[PDB]
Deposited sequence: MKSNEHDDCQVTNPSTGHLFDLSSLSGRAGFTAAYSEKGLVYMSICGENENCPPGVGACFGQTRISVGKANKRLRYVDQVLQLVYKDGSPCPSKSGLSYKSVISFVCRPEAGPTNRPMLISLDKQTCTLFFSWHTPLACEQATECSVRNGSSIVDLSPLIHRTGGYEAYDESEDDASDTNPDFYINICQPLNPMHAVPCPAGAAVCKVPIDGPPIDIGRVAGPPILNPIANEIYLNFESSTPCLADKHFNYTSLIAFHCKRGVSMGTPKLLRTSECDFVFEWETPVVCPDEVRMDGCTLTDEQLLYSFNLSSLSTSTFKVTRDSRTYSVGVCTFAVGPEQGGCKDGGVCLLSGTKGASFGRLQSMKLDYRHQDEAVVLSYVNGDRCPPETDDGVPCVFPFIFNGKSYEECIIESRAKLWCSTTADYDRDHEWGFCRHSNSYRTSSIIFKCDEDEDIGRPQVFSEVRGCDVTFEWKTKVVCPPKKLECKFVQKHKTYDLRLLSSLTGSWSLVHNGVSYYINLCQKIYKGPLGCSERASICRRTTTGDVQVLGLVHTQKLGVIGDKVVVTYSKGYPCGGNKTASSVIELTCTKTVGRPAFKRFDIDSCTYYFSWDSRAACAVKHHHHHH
């Protein structure tokens, strides 16, 4: 019940599998196959390794004859019962063992395909017991390693595009292809080709580790074949080009050079980790001041909803060296026994949300999102089935990978065949402004299909310019408006009984009730309510032909997402003048004010 390697002489032992009680594989829906390893199965006639379900049909007589075929441990069960094809022709089974380092509940035998012509049953079993070395899905780059491991497909395989709904190519990278429903890909294959017309041909086998280009750097990956070309053994190649973003990106076919297959894969994982331009601070061109989020980075936060507890870090890993769950992860859904990373801290992006005055931190590229059923109803992890708790799609009493849709299958019997996700998990915090939240505390805002999390965090950190500089430069000329910026009260013009209150670079002080805080320019209709015409923090300064212009946005609601605005223009004069009213542009909803001032005049 053992075989060794012709080139290394490594030991393989399948004694741990040699049960008399054996195991069960499925074919069709309610069809079953009972089988033992290196011995006859107690559910079959004496001297038979595997047989058909209800009707004990010998699909092969048991033996210890274990062949090693290219990284794969292969058994053959010969001289089974008569075959429908011709007289005396025996049924035969090919139980083949493919390597897989991870254990897990899907380490079980399966019919991958059935040749009806030659009565050959094709089986595959995925075991750590069949592994010889380690999974080499990384190559060293200078001081830090580059690691393709998260791209490893662990349930099936990547499907390559329909070039010049039917399948075509199949791909996994550092472990071989997983068993696939009605896809007769040969056991142990890494890269597979399915032709409409023709039994699927092996074109790629996981050769060595990824290789590194020391120049304008990309990453390659060689794949081999024992199956021969129609002009010469087929070769296969995946080139990796770095592309940042949410999608980890499937491989696509590029060149076809006939005895050679070349692919291309655009992926975040190949990108160098980039030290952030300006640390834990958000800076936008449009407002030119900035927020310092560092005071939050100071520690992690445990946010929780419906028993789901996330640990969240701002500019620091979600989990220190203690829970040790989400490697690299900046947000982490703690499941005690584990952790799911909802985005790599390194991938962090900070973007100002102009529409909302809010700041959006976003981590990306965590762990794969969970599967749903074929009919699109989400899986529930963990679930109980046959009195055991499962955390992933299983193959038990069924032909294809399936999950439960309740916490307790045994009780509720609801389920569906898994269709797997392709998005890896994202998270984001949206930072909203609140003056008396010194450092706030995030809460859960939205969760979608266990694939994204968004928190709302109200800090003081993302608020505070109520005071601004009036020293700016345009085309090498410096103007100093600090003269007109009153630290005590404001300026007021009365135009047509309507009072206007206006203060440069600063909050209006002792303003009329209705003039909010932050209000840079105000308006009070004779006996009517008052209207904010602009806010100080949205200040814009500039020069237009001899005039110094100052702009304020985000005033009162002006119909159809329009908001009031104020534009004050200043020609240079001798005095420190008073502001006057010019016009109110109806279409833009903008107020134009005149000011002759000594302030609008650069000097040296």
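Participant: Relative to the deposited sequence numbered from 1, which residue ranges are unmodelled?
Facilitator: Absent from the structure are positions 1 to 8, 173 to 178, 247 to 249, 622 to 627.
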